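Structure, as structure tokens:
A quick note on method: Cβ atoms are made from the backbone with ideal geometry, for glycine too, and the neighbour counts reach across all protein chains shown. Bear in mind that the values in this text are calculations on the coordinates, not laboratory data.
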């Protein structure tokens with residue numbers, strides 16, 4: 001529970017980290033200990049190094065139709081403001 | 001080229017003609033159209049039902065006299081010199097090759113190659129119930145776009161008729177609908193050149209560039225008025241009832 | 001001009017249409033590529049003799065293999081050797097049109113440069129010319145980012161073909177269209 005944070009923290013802190021350092025951060029002895037996690041984490045990993053090529057979850061389905069609808073929102077917003085023009089009654 | 005004015009006055013009586021003639025889909029009520037045809041814009045002043053007969057049981061078979069126009073133009077002239085023959089109308093809504101023949105009659109009677117006029121007597125779909133054609137060549141005939149003039153005289157009585165944005169969208173489909181089909185039509189109709197002629201402009205889309213930002217940048221200020229748009233509301237109607245009610249709810253003397 | 005009218009003879013027909021088809025190569029051109037070949041010049045002309053070539057030149061108008069032709073070459077064609085150029089012009093342009101026609105569809109432009117340009121299977125240092133030449137081809141619009149190895153391009157690439165953006169057409173054209181109605185739902189409605 002500690003390290004998962006650190007995992008994200010490393011994630012954050014490090015795109016790339018030596019599979020050493022992360023383990024060193026994980027207080028692990030085997031890095032395969034680490035390696036599991038990171039790959040459980042599904043972390044890009046080459047030799048000796050945990051990577052984060054994508055440190056985050058970007059995209060992934062929901063949180064849509066709002067907050068990045070370009071005109072849509074805007075148009076909705078238009079539509080809205082037009083309802084601020086329309087509900088104006 | 002000479003693409004043309006349209007006289008509603010025409011358009012109206014034109015259907016009356018169609019009406020008067022009780023023309024039906026079997027038929028097309030035909031007639032003169034009037035104006036002056038010189039300029040790269042032609043005008044339609046007026047137009048005249050040519051008492052006529054149409055038979056498509058035999059295409060070329062149909063009946064008409066010019067000599068209307070003969071006596072007509074006289075009076076027309078006597079009415080106005082500016083009548084000068086621009087062309088002619090029929091009902092339509094569509095062409096029939098005998099038109100071509102018919103077209104050429106007026107060629108004698110017109111300055112330029114005269115002007116066909118289609119009308120949609122049912123005015124069905126859209127902008128215009130109408131097409132105007134000039135012959136051509138491998139024949140050609142063609143529609144140059146046309147429209148109304150003023151004729152505010154018209155527009156005024158017009159005003160006595162009738163009585164924001166979403167529409168603007170609405171056609172969005174329309175052409176596209178046909179369009180792809182129109183290929184698949186001609187595709188599987190002839191399963192012409194003009195289609196490829198279209199094909200090029202297609203990439204004229206996904207065209208968008210970080211010039212997009214400009215938009216965003218632009219849209220910003222557009223909204224700046226926001227706090228102002230209703231600011232006056234924000235300030236205006238709120239502090240308005242506080243001066244009328246305090247006056248009033250407290251008015252209440254005796 | 002003859003198309004509607006004027007009965008003729010074949011020695012008239014092919015030889016002229018030969019000379020025509022010849023003059024296509026003594027055009028060569030704004031390519032072309034494809035042409036009146038569709039129109040009944042063919043069989044009729046090709047068939048055989050140089051019509052073989054002439055037809056295979058339509059193949060060259062597509063294939064653009066030197067030695068699918070520079071094999072063929074006898075005097076009359078090698079009489080104007082510049083088709084070896086024109087074929088380089090072809091191979092470029094030939095490869096180009098579809099690239100321009102297709103590969104990007106997604107607002108096709110970039111094609112920039114090299115491998116993309118060498119995707120013409122005409123090489124980078126010729127890219128440095130044939131590609132580089134634009135309307136110095138007579139055609140290409142746009143410009144060059146040499147550093148990033150990027151053409152800027154624009155149009156003057158027409159064609160007679162069909163079959164393709166037919167599909168791609170209505171898609172976006174339905175797409176906004178669809179997603180209109182989302183918005184296009186209540187705006188004036190509500």
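Taking the Cα atoms only, what angle lies between the long axis of helix C:10-25 and the longest principal axis of chain C, rounded to 10 degrees?
60 degrees
How large, in Å, is chain A by the Kirkwood hydrodynamic radius built from its alpha-carbon pairs?
By the Kirkwood definition, the hydrodynamic radius is 15.7 Å.
Measuring from label point to label point, each 7 Å out along Cα→Cβ, what is the residue C:6 to residue A:85 span in nm?
Between residue C:6 and residue A:85, the label points sit 6.1 nm apart.
Over the whole of B:165-177, what's the average partner chain Cβ count within 10 Å per residue? Rounded to a whole number, please.
For peptide B:165-177, the averaged partner shielding equals 5.
Give me the one-decimal nm value for the distance between modelled label points at residue B:245 and residue B:231, 7 Å along each residue's Cα-to-Cβ direction.
Each label point is offset 7 Å from its Cα along the Cβ direction, giving 2.6 nm.
Pop the C-beta distance of residue C:161 and residue C:49 into the FRET formula with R0 = 22 Å and round what comes out to the nearest 0.05.
Given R0 = 22 Å and the Cβ-Cβ separation, E is 0.20.
Rank the residues C:140, B:198, B:117 as a footprinting-exposure proxy: fewest other Cβ atoms within 10 Å of their Cβ go first.
B:198, C:140, B:117
For the residues B:86, C:82, what sequence is obtained by ranking on other C-beta atoms within 10 Å, fewest first?
C:82, B:86
Where a ≥ b ≥ c are the square roots of the eigenvalues of the C-alpha gyration tensor, would you call chain C rounded, which needs a/c under 1.5, or, failing that, prolate if a/b is larger than b/c, or oblate?
Note, shape of chain C comes out oblate.
I need the calculated FRET efficiency for the pair residue C:76 and residue B:184, taking r as the beta carbon distance and R₀ as 56 Å, to the nearest 0.05.
0.80
Can you tell me how the stretch B:169-254 classifies by the Cα gyration tensor, rounded, prolate or oblate, using a/c under 1.5 as the rounded cut?
Here the stretch B:169-254 falls in the oblate category.
Would you calculate the separation in nanometres between label points at residue B:101 and residue B:57, each defined as 7 Å from the Cα along the Cα-to-beta-carbon direction?
1.6 nm
Between the stretch B:4-75 and the stretch C:1-37, how far is it from one alpha carbon centroid to the other, in angstrom?
When both Cα centres are located, 44 Å separates them.
Report the residues of the stretch B:141-170 in range of a label on residue B:82: point 7 Å along Cα→C-beta, backbone N strictly under 14 Å from it.
Residues B:149-154 qualify, since their backbone N sits under 14 Å from the label point.
Enumerate the residues in the stretch B:3-45 having an amide nitrogen under 19 Å from the point lying 7 Å beyond the Cα of residue B:152 toward its Cβ.
Within reach of a label on residue B:152: B:6-9.
Can you give the translational diffusion coefficient of chain B in µm²/s, computed by Stokes-Einstein from the Kirkwood radius over Cα pairs at 20 °C and 1.002 mPa s?
Once the numbers are plugged in, D ends up at 93 µm²/s.
For residue B:253 and residue C:168, FRET efficiency with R0 = 60 Å and r from the beta-carbon atoms, rounded to 0.05?
About 0.15, to the nearest 0.05.
Quick check: the distance between the Cα centres of the stretch A:1-58 and the stretch B:149-193, to the nearest angstrom?
61 Å
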